[PDB]
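Position 1 is the first residue of the sequence, and the numbers go up from there. Quick note: numbers below take in every heavy atom, side chains included, and nothing from hydrogens, waters or symmetry partners.
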Amino acid sequence: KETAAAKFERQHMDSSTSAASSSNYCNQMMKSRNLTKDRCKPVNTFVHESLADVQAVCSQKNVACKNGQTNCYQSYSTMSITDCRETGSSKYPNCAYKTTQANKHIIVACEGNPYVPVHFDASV
């Protein structure tokens, strides 16, 4: 099957753009990344950075994840992110999202060898 690391890339990475450029960004990306195939995923974050810079976070500040696990890491720098959140008009299969652009630190959970991000925990 798809690996956890690959799933993280598909769900969360967008190195092709520097920021969301319109209100339709989330609608388009949620669909194109197959995040709406079975249900409308309610929230998701995309990171507009190189993959290497995100993978490097697994070597940065070790913190507790929101659920208490201790394999989370916070980026030293802020990163360009887009938050996507379902709107009131969303109704499967026509899932609909609000796009919010921000610069925040990210928190990811890492696993494996090579030790890479597998879950997006939070932005702060």
Side-chain angles (χ1 to χ4, degrees):
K1 303 126 81 163
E2 188 181 37
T3 68
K7 181 177 137 172
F8 178 94
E9 293 185 29
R10 176 170 60 83
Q11 280 191 184
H12 301 293
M13 291 299 309
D14 185 8
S15 306
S16 87
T17 65
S18 298
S21 48
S22 82
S23 64
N24 281 328
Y25 176 92
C26 289
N27 288 339
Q28 295 174 180
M29 292 293 295
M30 296 294 286
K31 185 166 179 175
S32 69
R33 297 297 183 82
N34 302 142
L35 307 175
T36 65
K37 174 187 166 315
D38 296 309
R39 61 180 198 103
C40 306
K41 184 171 158 158
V43 304
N44 192 52
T45 304
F46 292 99
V47 183
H48 300 270
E49 300 292 346
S50 73
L51 182 62
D53 289 341
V54 175
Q55 278 166 0
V57 176
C58 300
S59 69
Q60 299 175 18
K61 178 58 176 166
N62 178 219
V63 298
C65 308
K66 293 166 102 93
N67 77 338
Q69 290 172 199
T70 53
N71 65 321
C72 285
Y73 296 87
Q74 184 175 309
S75 62
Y76 293 138
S77 293
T78 63
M79 291 185 175
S80 174
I81 65 166
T82 305
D83 176 95
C84 301
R85 211 140 14 216
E86 200 172 21
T87 72
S89 290
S90 184
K91 188 188 175 225
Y92 183 84
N94 299 121
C95 307
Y97 294 91
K98 183 183 203 300
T99 298
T100 303
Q101 177 64 40
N103 237 81
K104 302 271 185 183
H105 300 267
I106 71 168
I107 301 176
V108 296
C110 304
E111 293 183 7
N113 173 245
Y115 194 60
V116 293
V118 296
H119 157 80
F120 190 93
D121 205 53
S123 68
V124 295

(message) If the condition is side-chain hydrogen bond (donor to acceptor under 3.5 Å, both in side chains), which residues does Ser80 pass it with, not counting sequence neighbours?
(response) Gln101
(message) Minimum heavy-atom separation for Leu51 and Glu9, please, with both atom names.
(response) CD2-OE2, 3.5 Å
(message) The criterion is side-chain hydrogen bond (donor to acceptor under 3.5 Å, both in side chains); which residues satisfy it with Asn34, sequence neighbours excluded?
(response) none
(message) I'd like to check the side chain to side chain contact (heavy atoms under 4.5 Å, CB included) partners of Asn62; sequence neighbours left out, ordered by chain and number.
(response) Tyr73
(message) Determine whether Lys104 and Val124 satisfy the following criterion, side-chain contact (heavy atoms from CB on, under 4.5 Å), listing intermediate values before the conclusion.
(response) CA-CA 6 Å; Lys104 302 271 185 183; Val124 295; over 6 Å; no
(message) Within the 4.5 Å heavy-atom criterion, are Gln11 and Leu35 side-chain neighbours or not?
(response) yes
(message) When you measure from the side chain of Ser75 to the backbone of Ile106, do you find a donor-acceptor pair of N or O atoms at a distance under 3.5 Å?
(response) yes
(message) Tell me whether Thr78 contacts the main-chain N or O of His105 through its side chain, where contact means a donor paired with an acceptor under 3.5 Å.
(response) no
(request) Please list all pairs passing the side chain to side chain donor-acceptor pair (under 3.5 Å) test where one or both residues lie in residues 19-29, with sequence neighbours left out. (result) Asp14-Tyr25
(request) List for me each residue that meets side chain to side chain contact (heavy atoms under 4.5 Å, CB included) alongside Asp121, sequence neighbours excluded, and say none if there are none. (result) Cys65, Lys66, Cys72, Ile107, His119
(message) Among residues at least two apart in sequence or on other chains, which ones pass side chain to side chain contact (heavy atoms under 4.5 Å, CB included) with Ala64?
(response) none
(request) Please collect all side chain to side chain donor-acceptor pair (under 3.5 Å) contacts where either partner lies in residues 90-100, sequence neighbours excluded, each pair once. (result) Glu86-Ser90
(message) Is there a continuous path of hydrophobic side-chain contacts, each under 4.5 Å between heavy atoms, that joins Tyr76 to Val63?
(response) no
(request) For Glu111, enumerate each residue passing the side-chain hydrogen bond (donor to acceptor under 3.5 Å, both in side chains) test, keeping only those at least two apart in sequence or located in another chain. (result) none
(message) Going by the rule side-chain hydrogen bond (donor to acceptor under 3.5 Å, both in side chains), which residues pair with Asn67 if we only count those two or more places apart in sequence or in a different chain?
(response) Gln69
(request) Answer whether the closest heavy-atom distance between the side chains of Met79 and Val54 falls below 4.5 Å. (result) yes
(request) Determine, using the 4.5 Å side-chain heavy-atom cutoff (strictly less than), whether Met29 and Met13 are members of one ILVMFWY cluster. (result) no
(message) Between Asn71 and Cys110, does the side-chain contact (heavy atoms from CB on, under 4.5 Å) criterion hold? Intermediate values first, please.
(response) CA-CA 6 Å; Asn71 65 321; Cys110 304; 5.6 Å; no
(message) Do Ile81 and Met30 sit in one hydrophobic cluster, given that two such residues count as connected whenever their side-chain heavy atoms are within less than 4.5 Å of each other, even indirectly?
(response) no
(request) May I ask you to list the residues sharing a hydrophobic cluster with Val116, side-chain cutoff 4.5 Å, ordered by chain and number? (result) none
(request) For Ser18, enumerate each residue passing the side chain to side chain contact (heavy atoms under 4.5 Å, CB included) test, keeping only those at least two apart in sequence or located in another chain. (result) none
(request) For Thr82 and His48, test the side chains for any donor-to-acceptor distance below 3.5 angstrom and give the result as yes or no. (result) yes
(request) Name all pairs fulfilling the salt bridge (charged side-chain N to carboxylate O under 4.0 Å, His left out) condition that reach into residues 29-44, sequence neighbours left out, sorted by first residue then second. (result) none
(message) Can you give me the closest heavy-atom contact between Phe46 and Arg10, atom names plus distance?
(response) CE2-O, 4.4 Å
